[PDB]
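File shown here: query-v1.txt, holding compact mmCIF, C-alpha atoms.
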```
# COMPACT_ATOMS: atom_id res chain seq x y z
CA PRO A 31 -6.91 12.08 10.61
CA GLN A 32 -9.51 10.07 8.70
CA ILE A 33 -8.23 6.74 10.00
CA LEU A 34 -10.48 3.68 9.92
CA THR A 35 -10.24 0.27 11.60
CA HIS A 36 -10.61 -3.08 9.89
CA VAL A 37 -9.74 -6.58 11.09
CA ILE A 38 -7.66 -8.90 8.93
CA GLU A 39 -6.53 -12.22 10.30
CA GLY A 40 -3.55 -12.11 12.65
CA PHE A 41 -3.87 -8.43 13.41
CA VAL A 42 -6.16 -5.41 13.18
CA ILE A 43 -5.01 -2.69 10.78
CA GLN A 44 -6.13 0.94 10.63
CA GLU A 45 -5.99 2.70 7.27
CA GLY A 46 -6.59 6.19 5.93
CA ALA A 47 -5.05 9.65 5.72
CA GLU A 48 -1.76 9.02 7.51
CA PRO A 49 0.16 12.14 8.55
CA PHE A 50 2.66 13.22 5.89
CA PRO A 51 6.39 13.90 6.17
CA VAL A 52 5.52 17.49 5.26
CA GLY A 53 3.76 17.93 8.59
CA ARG A 54 6.16 15.65 10.45
CA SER A 55 9.48 16.74 11.95
CA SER A 56 11.99 17.95 9.36
CA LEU A 57 14.65 16.00 11.26
CA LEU A 58 13.22 12.85 9.69
CA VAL A 59 14.82 13.90 6.41
CA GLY A 60 18.30 13.17 7.76
CA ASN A 61 20.09 9.89 8.45
CA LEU A 62 17.53 8.02 10.56
CA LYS A 63 18.49 4.77 12.30
CA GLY A 64 18.34 1.69 10.08
CA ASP A 121 19.86 -1.76 10.36
CA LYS A 122 19.61 -4.81 8.11
CA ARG A 123 20.40 -6.84 11.23
CA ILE A 124 16.82 -6.37 12.40
CA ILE A 125 14.73 -9.27 11.10
CA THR A 126 12.03 -9.24 13.78
CA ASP A 127 8.40 -9.74 12.77
CA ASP A 128 7.10 -7.66 15.68
CA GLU A 129 7.65 -4.62 13.45
CA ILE A 130 5.41 -2.03 11.92
CA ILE A 131 5.50 -1.33 8.28
CA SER A 132 4.26 1.86 6.76
CA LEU A 133 2.58 1.67 3.34
CA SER A 134 0.22 2.93 0.67
CA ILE A 135 -2.54 1.33 -1.33
CA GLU A 136 -4.21 2.78 -4.40
CA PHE A 137 -6.21 1.48 -7.36
CA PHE A 138 -3.93 0.56 -10.25
CA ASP A 139 -3.83 3.47 -12.61
CA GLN A 140 -5.55 1.88 -15.60
CA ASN A 141 -8.36 4.45 -15.66
CA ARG A 142 -5.79 7.25 -15.74
CA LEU A 143 -4.93 6.39 -19.34
CA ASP A 144 -1.22 6.85 -18.62
CA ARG A 145 -1.91 10.49 -17.75
CA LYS A 146 -0.77 12.45 -14.71
CA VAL A 147 -3.58 14.24 -12.88
CA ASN A 148 -1.45 17.07 -11.49
CA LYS A 149 0.13 17.56 -14.91
CA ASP A 150 -3.16 18.01 -16.77
CA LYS A 151 -4.90 19.75 -13.87
CA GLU A 152 -2.34 21.26 -11.49
CA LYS A 153 -3.97 22.33 -8.24
CA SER A 154 -3.12 25.56 -6.42
CA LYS A 155 -3.27 23.65 -3.13
CA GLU A 156 -1.42 20.69 -4.64
CA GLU A 157 -4.02 18.15 -3.51
CA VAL A 158 -3.24 15.36 -5.98
CA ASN A 159 -2.55 12.03 -4.28
CA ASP A 160 -4.77 9.03 -4.99
CA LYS A 161 -3.74 6.72 -2.15
CA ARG A 162 -4.79 5.52 1.28
CA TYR A 163 -1.87 4.94 3.81
CA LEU A 164 -1.30 2.16 6.29
CA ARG A 165 0.79 1.37 9.34
CA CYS A 166 0.66 -2.29 9.35
CA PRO A 167 2.33 -5.29 11.11
CA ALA A 168 5.11 -6.55 8.73
CA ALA A 169 3.91 -10.18 9.29
CA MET A 170 0.68 -9.52 7.47
CA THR A 171 0.15 -11.15 4.03
CA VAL A 172 -1.16 -10.29 0.60
CA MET A 173 -4.05 -12.65 1.38
CA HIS A 174 -4.93 -10.32 4.40
CA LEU A 175 -4.74 -7.20 2.38
CA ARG A 176 -6.91 -8.47 -0.42
CA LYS A 177 -9.48 -9.36 2.32
CA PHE A 178 -9.26 -5.97 3.72
CA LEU A 179 -9.84 -4.39 0.35
CA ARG A 180 -12.64 -6.90 -0.35
CA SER A 181 -14.31 -5.75 2.84
CA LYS A 182 -13.42 -1.94 2.65
CA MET A 183 -14.79 -1.51 -0.99
CA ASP A 184 -17.51 -4.14 -0.58
CA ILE A 185 -16.13 -6.21 -3.48
CA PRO A 186 -18.31 -9.18 -4.53
CA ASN A 187 -17.01 -12.69 -5.20
CA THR A 188 -17.98 -12.03 -8.77
CA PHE A 189 -14.48 -10.34 -8.94
CA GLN A 190 -10.81 -11.18 -8.21
CA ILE A 191 -8.32 -8.79 -6.55
CA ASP A 192 -4.79 -8.59 -7.67
CA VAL A 193 -2.40 -6.95 -5.18
CA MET A 194 0.67 -5.64 -6.98
CA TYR A 195 3.96 -3.97 -6.24
CA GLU A 196 4.36 -2.26 -9.61
CA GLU A 197 2.76 -4.09 -12.61
CA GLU A 198 3.30 -7.48 -11.05
CA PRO A 199 0.84 -9.24 -8.80
CA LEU A 200 2.11 -10.91 -5.70
CA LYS A 201 1.43 -14.26 -4.34
CA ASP A 202 -1.07 -14.43 -1.54
CA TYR A 203 1.55 -16.01 0.95
CA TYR A 204 3.92 -13.01 0.69
CA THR A 205 4.36 -11.09 3.90
CA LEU A 206 4.90 -7.33 3.79
CA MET A 207 8.50 -8.04 4.84
CA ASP A 208 8.83 -10.54 1.95
CA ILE A 209 7.78 -7.78 -0.40
CA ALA A 210 10.20 -5.27 1.12
CA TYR A 211 13.00 -7.92 0.81
CA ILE A 212 12.02 -8.90 -2.68
CA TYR A 213 11.75 -5.48 -4.08
CA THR A 214 14.61 -4.12 -2.05
CA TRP A 215 12.52 -1.31 -0.59
CA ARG A 216 14.81 1.00 1.38
CA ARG A 217 12.32 2.56 3.90
CA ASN A 218 12.26 5.73 1.80
CA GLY A 219 8.56 6.48 2.10
CA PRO A 220 5.77 3.94 2.53
CA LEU A 221 5.84 0.71 0.56
CA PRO A 222 3.74 1.56 -2.47
CA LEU A 223 1.08 -1.09 -3.28
CA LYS A 224 -1.54 -1.18 -5.91
CA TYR A 225 -4.62 -3.08 -6.72
CA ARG A 226 -7.07 -4.08 -9.32
CA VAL A 227 -10.19 -6.16 -9.89
CA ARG A 228 -10.92 -8.70 -12.62
CA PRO A 229 -14.06 -10.75 -13.28
CA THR A 230 -13.56 -14.28 -12.03
CA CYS A 231 -14.27 -17.63 -13.88
```

Render the structure in this file as structure tokens.
Amino acid sequence: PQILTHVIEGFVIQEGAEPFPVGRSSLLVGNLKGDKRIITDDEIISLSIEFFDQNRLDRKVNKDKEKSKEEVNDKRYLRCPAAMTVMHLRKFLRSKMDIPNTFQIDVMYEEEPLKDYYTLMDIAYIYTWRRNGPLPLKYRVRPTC
């Protein structure tokens, strides 16, 4: 639902409200197949992307304003070819949010921006992501000069 297509070089990625484990099969909670022997780049990586939480003032939305439907989740989700780079993502954001060249975009894992050559695999290997959930990315804009 609510999935949108954008092209970034070397593959087309579709991003939006990806189905959640809650609605997915409960069997996916158990010991799913996984193997560090697999180093292929013909692989799909699941991830999220949200605006770095600077405007949240270090406050939790659900904490201050708990919803009865529990609809607090400021991300967009992405099934993405693992070969894709930070450079591609920033472009995709640049295009999605219509971001002028007047600003820079930092793509970050936690607080730390990532180099534009990093592949999504490189990130999973660097940060030792364990395929528990999507790879959580963040982003932010800065004036350039």

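Considering the residues A:183, A:175, A:223, A:210 and counting all atoms listed in the file, residue 43 of chain A has its shortest atom-to-atom contact with A:175.
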
Which residues, written as a compact mmCIF listing (two decimals) with C-alpha atoms, in the coordinates of the input, have at least one atom at most 8 Å from residue 193 of chain A, with only C-alpha atoms counted and residues fewer than 3 positions away on the same chain left out?
```txt
# COMPACT_ATOMS: atom_id res chain seq x y z
CA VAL A 172 -1.16 -10.29 0.60
CA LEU A 175 -4.74 -7.20 2.38
CA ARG A 176 -6.91 -8.47 -0.42
CA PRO A 199 0.84 -9.24 -8.80
CA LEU A 200 2.11 -10.91 -5.70
CA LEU A 223 1.08 -1.09 -3.28
CA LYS A 224 -1.54 -1.18 -5.91
CA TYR A 225 -4.62 -3.08 -6.72
CA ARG A 226 -7.07 -4.08 -9.32
```

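For the atom pair formed by atom CA of residue 132 of chain A and atom CA of residue 201 of chain A, the distance is 19.8 Å, given to one decimal.
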
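Distances here use only C-alpha atoms; by that measure, the residue among A:195, A:204, A:163, A:41 closest to residue 128 of chain A is A:41.
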
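For the atom pair formed by atom CA of residue 146 of chain A and atom CA of residue 197 of chain A, the distance is 17.0 Å, given to one decimal.
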